[PDB]
Each structure stands twice: as structure tokens, then as C-alpha cells.
Amino acid sequence: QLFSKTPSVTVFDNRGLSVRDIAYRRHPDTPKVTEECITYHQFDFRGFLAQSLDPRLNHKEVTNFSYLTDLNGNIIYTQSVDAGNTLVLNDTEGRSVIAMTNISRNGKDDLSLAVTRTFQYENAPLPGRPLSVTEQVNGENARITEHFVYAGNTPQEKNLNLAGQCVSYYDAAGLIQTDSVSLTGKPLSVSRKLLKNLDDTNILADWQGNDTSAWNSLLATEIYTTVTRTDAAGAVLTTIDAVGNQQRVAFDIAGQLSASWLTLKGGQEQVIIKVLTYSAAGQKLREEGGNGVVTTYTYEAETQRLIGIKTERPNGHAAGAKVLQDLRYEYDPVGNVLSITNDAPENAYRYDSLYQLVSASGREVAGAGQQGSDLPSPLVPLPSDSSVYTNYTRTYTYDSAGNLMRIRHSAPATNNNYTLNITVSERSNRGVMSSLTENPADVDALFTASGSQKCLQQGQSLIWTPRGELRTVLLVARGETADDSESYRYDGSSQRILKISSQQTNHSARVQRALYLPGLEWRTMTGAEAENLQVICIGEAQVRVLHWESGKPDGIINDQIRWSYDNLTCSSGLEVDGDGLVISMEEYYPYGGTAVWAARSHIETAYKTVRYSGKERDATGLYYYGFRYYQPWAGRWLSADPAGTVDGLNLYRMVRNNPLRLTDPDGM
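Numbered according to the entry's author numbering, the sequence shown spans residues 4 to 108, 111 to 349, 362 to 544, 547 to 559, 563 to 690.
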């Protein structure tokens, strides 16, 4: 038990201010050596943060961070070699007048990319809410990103409970008409207008022109709506989803879910749950899926730590009686996972005293080779025999400041071995796969002023756009042909409302067009008999359904329904159908490369994308997490979180050196 004498300590000035802090570190590879890691917080004449720094740049005697404020209050201006700079101002009332971003590290930082946001308001008598805000592009095409309409107090509005409501919010990707409300405060309805053609990347959803006499040129015919009724407690009583779906739900006395039903598009509504039951801790205890497979849950009653979860098929079931899993987990006193096992057999881990997970070992499938920018083939059919997977060691290395060095692996019986470097800046968190460059001075040129990265791969440029928005990646195409298109639409709250890719290389010119709305995705491979389908969100460990409109598959039914099983990260190792037949097994390294993959039907590569950490695969092999996108072979964000330093010093860092750490689904 290595951990003896690895405390942490915080230190203060005579004003009691948090001048310094210390963490002791010790690799189990280095059991005789204890590192002391420290950083500083200088404070000003105001009694507020003057300076705080990266440990390693600091002890290399370089200064790389800044924070500047009003007379008291809050930061006006703030820079890092990582973040770039940032400036804001707000009212006496805290209403915002201006914000700017993506400003470089020279006399002054580069304002030409400032991507300025500024705001327009309700005025007397109205309470003073913004009626609009605009992207005031510096020296360039300034454009009104959004517009708010606030209701009056007509009897109509009162009945709709829209009195004073933001009855419109025009926005990037279009408008929500906040178009009726219940007296509980929950909506009676909302209408969404997407753009006149949401396909058209250059109809900007910027509200030039004075009113929708103009803006009709920018809003769709394909307008959709949700309608809702609720508990006095506000929980949903029923709902309607204008493409043809609809909702009903029922609950236990504490408000826990008993049962639910959803209308499929233009058709029947049917029961989801067969059994659902919970612990005294309120957490789940005993369940049975709509296919009829049975689950139960197991906890340490002293602590409510989940020690395991078990699932089986009942007698005479369509897929036959079988234990499907019996997950068991091993923990240290703090609760870090030491090992796991399952039967339907084992894996194990090592940590630094600082709880960097330095090593992992277990089974991974042979022949997939060294993980790159790729997803290798499933084993097909589902392996009847186990030797196709084999022992591995996987290991990792890190800085005393918040940076990694290398990743290091063997699956020795496969002869698959590597050690692979993230080159990281001599003076920042900016860093890339060795393939892009091996040089830590040169690497810092590969990034924007915000510190967003230039490329996915040797030429795979990242189309960062105003409001820090990665509209597309170039991918690769022969002759650079746009027929293999890619792009995404983002709404005013960055919702990935549309996929707009395409393919035509040696194939039908199908646009991969897909739409993303509450409870809904619609996909078409169009522009051959076009593929056309919808999928609908079955709850919230969620459940998933399909219906083709067109493009019938071989040997597969339409209207198909599936449940799934995951590890606690929602790493979605398992999927199962309405007959209780498993679709396939899958698994991931902690770094998120797939450890095992198989299929019972070949094109399963498209059928499931909620996978590693329950995050969403892009078919290229990236994972979309929520706000942001991830490079699994690099084990790192392909993106920056600049939203707050108190959340962490490194914008690209994942999960405090253990991606397995938490249940947390957030993904920003």
C-alpha cells in the first residue's frame, strides 16, 4: 500500500490568502522517490489574485499567465499562453455590454479575430432584457446572431401563460417561438423554425433585415413543434412531437418511474418497461427490459458503493435462459478501481499516489494492430471461442505540471507494441501526436489564438469559425472533391442540430443529411433508391429505436428496438434486441481505443455510436462528447475548454489522469 505519507497542504499569507499549495507524488515504479509538486498564487494590493502559474514553466523561470480586474469585482482582462486573452464588460446591473475571444499571445494581442459579441435591450417601460445581440465582427461583416421577442399581457398571452414570455427567440439556426405555456410553468408548446434551407451553410441564421418579412427568406418550411402537459409537480403528463411521435409516463409515490409509453411516428404508442425497482438509496435495484431480460443491482450497504450488477434471461426466453453478465468491481479504500471481473475474465490497474492511473492490464482482441485514426473490423460472426483475445499491458506518463509525455503498450502475444508521444509546447499546453510534429517548440504554431487546434491529421484542417465554432473538418477526398462533404450546424446554444456530410467517391452521390431535435433524429442518404429513416429517443442506459422510411436492409426488420448495457462511465459494451439476442460485444481501452469489437451483421459499424464512455462516435472515429470532440488515439481532447480556470489548468486534459474516474456524462 504505497500511499503512506502522500498528503496535500495549502499555505497562506498574513491576510489568510491561499498563497501556495503542495501535492506529494510518487509513482509505484519509483517507490523510493517522493516528488513535491507546488504552485503559487501571488495576491495584489486589493487582496486578490495577482499571479498563478503552470508549475513547470514557473520553475523553468518563465511567466505565462495574467489576470486583471476592476476596482474590486472581477476580471476585466485575462491571458494565458494556452487560452489566449479575453476581455468583457457589463452594466452596474451586470447586463453585458461586450465580450471578445480568440485573441492571440509583441506590444498587443491580435484583435482582428476578436469575434466580438455585443447586446441590444428592452427599454422603458420594459424591464430591460436584451431584445438582441450581434456578432460585431472587427472591421468585417458584422451580423445580428439573435433576437428576442417578449410578450405583453393580452388575455391570449395570459391564457397561453405567455405573459412577458420570450415568445420568440431567433437565434443561430433559426427561431424558437415560445408559443404556449401551462400555469405550472412548463410549456404547453414550443415551435421550432430551422432555416429556409438548413442545408445552405451560407444562409447564416444572422437576422439581417428588420422583421420576418425578410427573415422568412431564412426560416424553413420544415417547421416543427412540441406540445406538452404536466403534473402540478411539473413532471410530464403527456407530450406530442410534431413529426408524428408522442409521450405518456407513470410513476411511483416518490415520483420514481414505474412505466412509460411512446407513440411512434404516425402510429402506435406502446409500453417500454416490464419491471423497474429501486433501493432504499433510491438507486435502481430490480428491473426487466421490454424484451424480458432481467437485471438486479448490488451495493455495499456501509457506503452505497456499487459492488456489482447482474443480468440474465428467463426460462424459455426467445434467446434462452442465460446469465448475460455478472459485473464485480474491486476498490481501494478511497474507492479507486483496482480490478474488475465478469462472467456470462479479469482486469487490473496501477496508480501513482497522485492517482494517475499508470498501468492497466487484461484482455484485448488480437489482430486489430496499433490503434490509429481508425476503427478496425468487428470479428464476424460473434466469436464462439475466446483465444481471439489476449493479454496486454498498457501504461502512461505525465508531467509535474499538467501535461502528459508518452503512452506505452504491449499486447505481447499479438506482438502489437508501441510507445507514442504527444509533443507538447515548450511554453504551453498545446500538443499533438508525434506524426504532426515531434518538436515541442514547433508544435505551438499548430493552434489558433484561442488555442484551438489547426488539424486532426497531416492535412485534415479544422474549420474553426466565429463563436469558437468548429463548423467542419476538411476530411480527405480525391481531387479534394466536395462530394465527400462534411459539415455541422450549431444552434444559438451550440446544439449540433444538423449533420451535413456527403459521399460520391465511386458511389451514389448521397448527402449524409441528418437532423437532431428533441426526442428525434432524422437521417437520409439522398441526392439509387435513397435511404431514409427516423430514430426516436426511448427515454432520458437509454433505449434506442429505428424506422426506415426507405432503403430496406437484408435480413433485418424495420421498426427495430434495442436496449443496452454499459460500464458506469456508460462505456456501452453491450447491445440487445427485442428477442434478447445480443447484437454484439464491444470494449474500449481507458484511453478509448476499442479493445474488442465483433458483429453478427456486417454493417453494424453504422448501427451503434453511443459507445466509449457512452459518448457518441463520429463515424470517422472521433467521439463527440457534448460540447466538444475527442481524439482517442491521442487520449486527449481535439478541442479546448476555455470556460473556466477553476475547473482545470489544462484545456485539453481529460479526467485528472483517469478517464474511468466518474459516472459524470457532461462532456464539456
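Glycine residues also receive a C-beta, built at the ideal position from the N, C-alpha and C atoms.
Residue range of the beta strand (DSSP E) that includes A264:
That run of the beta strand (DSSP E) goes 262-268.
Of all the CB atoms in chain D, is at least one closer than 8 Å to the CB of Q582?
Chain labels in this structure do not include chain D; a single protein chain is all it has.
Residues in its own chain within less than 7 Å of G536 by CB, not counting five upstream and five downstream?
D246, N250, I555, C556.
Touching or not, the stretch 578-594 and the stretch 621-638, by the rule of three or more beta carbon pairs under 8 Å?
The stretch 578-594 is in contact with the stretch 621-638.
So if DSSP puts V254 in a beta bridge, which residue, or which two residues, is it bridged to?
The partner list for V254 (beta bridge, DSSP) reads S265.
My output table needs one value for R318: the three-state DSSP class, helix, strand or coil.
Per DSSP, reduced to three states, the secondary structure at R318 is strand.
Give every residue of the same chain whose Cβ lies closer than 8 Å to the Cβ of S417, excluding the five residues on either side of it in the sequence, and list them in chain order.
Cβ neighbours of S417 beyond the five flanking positions: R28, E38, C40, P58, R59.
Go to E145, then tell me how far its beta strand (DSSP E) extends in each direction, as first and last residue.
Run containing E145: none; DSSP gives neither H nor E here.
Which word fits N446, buried or exposed, when buried means at least 16 other C-beta atoms lie within 10 angstroms of its C-beta?
Buried is the call here.
Please list the terminal residues of the continuous beta strand (DSSP E) segment that includes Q474.
Run containing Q474: none; DSSP gives neither H nor E here.
Would you mind listing the beta strand (DSSP E) stretches within the stretch 396-447 that are 3+ residues and don't spill past its ends, in chain order?
If only complete runs of 3 or more residues are kept, the stretch 396-447 shows the beta strand (DSSP E) at 406-415, 421-428, 433-441, in order along the chain.
Excluding five sequence neighbours on each side, which residues of the same chain lie with their C-beta closer than 7 Å to the C-beta of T616?
Apart from the 5 residues on each side of it in sequence, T616 sits with its Cβ closer than 7 Å to the Cβ of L392, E608, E609, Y610 in its chain, given in chain order.
Residue environment, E140, which counts as buried when at least 16 other CB atoms sit within 10 Å
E140 comes out buried.
Assigned exposure category for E497 - 16 Cβ within 10 Å defines buried
Here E497 is exposed: its Cβ has fewer than 16 other Cβ atoms, across all protein chains shown, within 10 Å.
Relative to the C-alpha of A526, which candidate in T436, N589, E550, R253 has its C-alpha closest?
The shortest C-alpha separation from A526 is found at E550.
Where do the ends of the alpha helix (DSSP H) carrying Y610 lie?
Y610 -> not in any alpha helix (DSSP H); beta strand (DSSP E) instead, spanning 604-610.
For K163, the first and last residue of its enclosing alpha helix (DSSP H):
Start and end: 160-164.
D461 (DSSP reduced to helix, strand or coil):
It is helical.
Through-space distance from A102 to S478, alpha-carbon basis
In this structure, the straight-line span from the alpha carbon of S478 to that of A102 is close to 27 Å.
Residue 546 versus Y304 - alpha carbon distance:
This structure gives no coordinates for residue 546. The numbering of the chain moves from 544 immediately to 547.
How long is the line joining the alpha carbons of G600 and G295, rounded to whole angstroms?
Those two C-alpha atoms are separated by around 7 Å.
Closest to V154 by CA distance: which of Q182, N166, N164, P160 is it?
Nearest C-alpha to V154: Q182.
Going by the beta-carbon positions, is the gap between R444 and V84 smaller than 8 Å?
Yes; because the gap between Cβ atoms is below 8 Å, this pair is in contact.
In chain order, what are the residue ranges of uninterrupted alpha helix (DSSP H) at least 4 long that sit wholly in the stretch 181-260?
Complete alpha helix (DSSP H) runs here, min 4: 217-220.
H62: first and last residue of the uninterrupted alpha helix (DSSP H) it sits in:
For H62, the enclosing alpha helix (DSSP H) begins and ends at 58-62.
Could you give the C-beta distance for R380 and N408, rounded to a whole number, given that I count them as a contact under 8 Å?
Yes, they are in contact, since the Cβ atoms of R380 and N408 sit about 7 Å apart, within 8 Å.
Residue range of the beta strand (DSSP E) that includes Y27
Membership of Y27 in the beta strand (DSSP E) is indicated by the continuous run 23-28.
Considering Cα atoms alone, identify which of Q213, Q170, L167, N164 is closest to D176.
Among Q213, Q170, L167, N164, the Cα nearest to that of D176 belongs to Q213.
Does DSSP put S376 in a helix, a strand or coil?
In this structure, DSSP gives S376 an extended state, which the three-state scheme calls strand.
Apart from the five residues on each side of it in sequence, which residues of its chain come closer than 6 Å, Cβ to Cβ, to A26?
These residues qualify, in order along the chain: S11, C40.
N523 to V493, Cα distance in whole Å?
So the alpha carbons of these two residues sit roughly 15 Å apart.
Distance between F649 and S511 (C-alpha atoms, nearest Å)
Taking the straight line joining both Cα atoms gives about 7 Å.
Which whole-angstrom value is the C-beta distance of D16 and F51, which I expect to be below 8 Å?
No, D16 and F51 are not in contact; Cβ-Cβ is about 12 Å, not under 8 Å.
When we look at the beta-carbon of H30 and count the other beta-carbons within 10 Å, is it buried (16 or more) or exposed?
Here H30 is buried, its C-beta having at least 16 other C-beta atoms within 10 Å.
With respect to 7 Å, is the separation between the Cβ of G50 and the closest non-hydrogen atom of the ligand GTP below this value?
Ligands are entirely absent from the displayed structure, and the ligand GTP is therefore not among its contents.
With which residues is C40 paired in a DSSP beta bridge?
DSSP output for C40 lists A26 as bridge partner(s).
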